[PDB]
Structures are given as structure tokens and as C-alpha cells.
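Asks: Next comes target-v7.pdb, PDB, C-alpha atoms:
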MODEL        1
ATOM      1  CA  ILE A 317     106.496 115.879  79.675  1.00  0.00           C
ATOM      2  CA  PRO A 318     102.723 115.926  79.212  1.00  0.00           C
ATOM      3  CA  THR A 319     100.960 118.127  81.761  1.00  0.00           C
ATOM      4  CA  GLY A 320     100.092 116.250  84.949  1.00  0.00           C
ATOM      5  CA  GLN A 321     102.631 113.516  84.220  1.00  0.00           C
ATOM      6  CA  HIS A 322     106.185 112.976  85.460  1.00  0.00           C
ATOM      7  CA  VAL A 323     108.868 111.130  83.498  1.00  0.00           C
ATOM      8  CA  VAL A 324     111.554 109.544  85.670  1.00  0.00           C
ATOM      9  CA  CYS A 325     114.732 107.637  84.831  1.00  0.00           C
ATOM     10  CA  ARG A 326     116.665 105.423  87.243  1.00  0.00           C
ATOM     11  CA  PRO A 327     119.972 103.552  87.121  1.00  0.00           C
ATOM     12  CA  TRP A 328     119.696 100.284  85.198  1.00  0.00           C
ATOM     13  CA  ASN A 329     118.011  97.681  87.399  1.00  0.00           C
ATOM     14  CA  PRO A 330     116.542  94.483  85.961  1.00  0.00           C
ATOM     15  CA  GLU A 331     114.544  94.160  89.179  1.00  0.00           C
ATOM     16  CA  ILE A 332     113.351  97.768  89.269  1.00  0.00           C
ATOM     17  CA  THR A 333     110.158  98.097  91.307  1.00  0.00           C
ATOM     18  CA  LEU A 334     107.579 100.642  90.157  1.00  0.00           C
ATOM     19  CA  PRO A 335     104.315 101.789  91.734  1.00  0.00           C
ATOM     20  CA  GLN A 336     100.935 100.944  90.213  1.00  0.00           C
ATOM     21  CA  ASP A 337     100.778 104.586  89.138  1.00  0.00           C
ATOM     22  CA  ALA A 338     103.829 104.138  86.915  1.00  0.00           C
ATOM     23  CA  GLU A 339     104.057 103.081  83.278  1.00  0.00           C
ATOM     24  CA  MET A 340     107.189 101.580  81.731  1.00  0.00           C
ATOM     25  CA  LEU A 341     108.615 103.440  78.739  1.00  0.00           C
ATOM     26  CA  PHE A 342     111.758 101.449  77.964  1.00  0.00           C
ATOM     27  CA  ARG A 343     114.814  99.745  79.449  1.00  0.00           C
ATOM     28  CA  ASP A 344     118.328 100.820  78.477  1.00  0.00           C
ATOM     29  CA  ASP A 345     121.759  99.446  79.364  1.00  0.00           C
ATOM     30  CA  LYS A 346     122.419 102.560  81.443  1.00  0.00           C
ATOM     31  CA  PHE A 347     119.012 103.459  82.867  1.00  0.00           C
ATOM     32  CA  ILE A 348     115.338 102.496  82.933  1.00  0.00           C
ATOM     33  CA  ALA A 349     112.681 105.002  81.881  1.00  0.00           C
ATOM     34  CA  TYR A 350     109.139 105.245  83.231  1.00  0.00           C
ATOM     35  CA  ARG A 351     106.392 107.820  83.756  1.00  0.00           C
ATOM     36  CA  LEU A 352     103.850 108.562  86.476  1.00  0.00           C
ATOM     37  CA  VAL A 353     100.276 109.141  85.318  1.00  0.00           C
TER
ENDMDL
END
Taking this structure as input, can you express it in the form of C-alpha cells?

Replies:
Amino acid sequence: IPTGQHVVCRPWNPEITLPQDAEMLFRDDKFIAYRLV
């Protein structure tokens, strides 16, 4: 994880709601990956 950033994964949720400070990385069948910047 790049310094100052935080990568977070959550249980798969097609309707996942992320903050404006988040960027989407990818969506899996098990979990969804995003990072805070």
C-alpha cells in the first residue's frame, strides 16, 4: 500500500457505497476492492 493510502476490501456488494475519498480498484465475486487517497 502506497504511503498515505489505505486499501480496503469488503464483502461483495453490487450496491457498495464508497466515500468521495475512495477510488474503486476492482469488483470480484467474493469481495470489492477500493483504496482511500

Asks: For the point (125.4, 102.0, 82.2) in the file's frame, write as a PyMOL selection string all residues with an atom no more than 9 Å away, counting all atoms listed in the file.

Replies: chain A and resi 327-328+344-347

Asks: Would you translate the PyMOL selection byres ((chain A and resi 331-339) around 8) into the concrete set of residues it matches in this file, as JSON, numbers by chain?

Replies: {"A": [328, 329, 330, 340, 341, 350, 351, 352, 353]}

Asks: Edge lengths and centre, in Å to one decimal, as AutoDock Vina command-line options: that's what I need for the box along x, y and z that holds all listed atoms of region 324-331 of chain A plus 8 Å on each side.

Replies:
--center_x 115.8 --center_y 101.9 --center_z 87.0 --size_x 24.4 --size_y 31.4 --size_z 20.3
